[PDB]
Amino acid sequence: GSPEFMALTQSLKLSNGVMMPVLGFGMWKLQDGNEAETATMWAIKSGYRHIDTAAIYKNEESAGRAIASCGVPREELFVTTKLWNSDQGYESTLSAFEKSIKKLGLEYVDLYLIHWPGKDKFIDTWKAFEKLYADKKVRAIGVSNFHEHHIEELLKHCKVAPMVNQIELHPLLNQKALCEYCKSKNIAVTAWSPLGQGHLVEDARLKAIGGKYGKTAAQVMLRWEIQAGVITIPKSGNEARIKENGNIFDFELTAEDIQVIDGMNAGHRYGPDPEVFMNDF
């Protein structure tokens, strides 16, 4: 059968030529140990080749075991981790990265992101990212929760421009403007809480649309995101839902459905606002 021929490899090309799978597995709060480890294994076995974690999630080690246990070579897997706010700063970042890489038990990370912008320590933190990139400890470097002015500020103080901006994005917060800005700068967008953190999986508007294709609201959201040119990383600790989220390279939303979903925007965040969130800074 070959796990190879079945893998969910549809990807987009980042500005530096690296291919990043448009569908990834979110790991926020999977409980370190058996839970996170088993869920991650179900994902990898289902065809996922992109995994999203973060130091702050306290489950990098579980992710590592899954990766070391699945039957797929490291080269075919895209692994992302993030630098938590408390570790910003040049030397602090290099040290944080080592801790993360050692828990993941890997020789290199595919993508490393600054978790939150904060106030005035990301530019310095970035030099460390560019250092890790130059040395090849990470194959791509990016940002997370950055508004357009945060990026403009970084672009004035960097040698290498970020390649990804991971932001909260779903039907109630489509982020069309920030997505456009990022595209202008050749920055790929990854959507977090792409299913509205589970609060949109039963939306009548989304379900109705899904009914036209024998697809669920969750699958409709993920497809809407992918067609919008964004990368999506839904999470789940349920084996059947993991497989469900991966069955989105089957159909296509019509121009009408897309306009209907884009029409749902309410500027609603389920998460914190990058402008004010200062935890651990």
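Sequential numbering from 1, following the sequence displayed.
Student: Decide which of the stretches 99-107 and 158-166 has the higher mean C-alpha B-factor, going by the entry.
Tutor: Per the PDB record, 99-107.
Student: Between 196-204 and 89-97, which has the larger average Cα B-factor in the PDB entry?
Tutor: On average, C-alpha B-factors are higher across 89-97.
Student: Select one of 226, 220, 233, 39: the residue whose C-alpha shows the highest B-factor in the crystal structure entry.
Tutor: Each of 226, 220, 233, 39 was compared by C-alpha B-factor; the highest is 39.
Student: Whose C-alpha has the highest temperature factor in the PDB entry: 142, 171, 73, 117?
Tutor: Checking the PDB record, the top C-alpha B-factor among 142, 171, 73, 117 is at 73.
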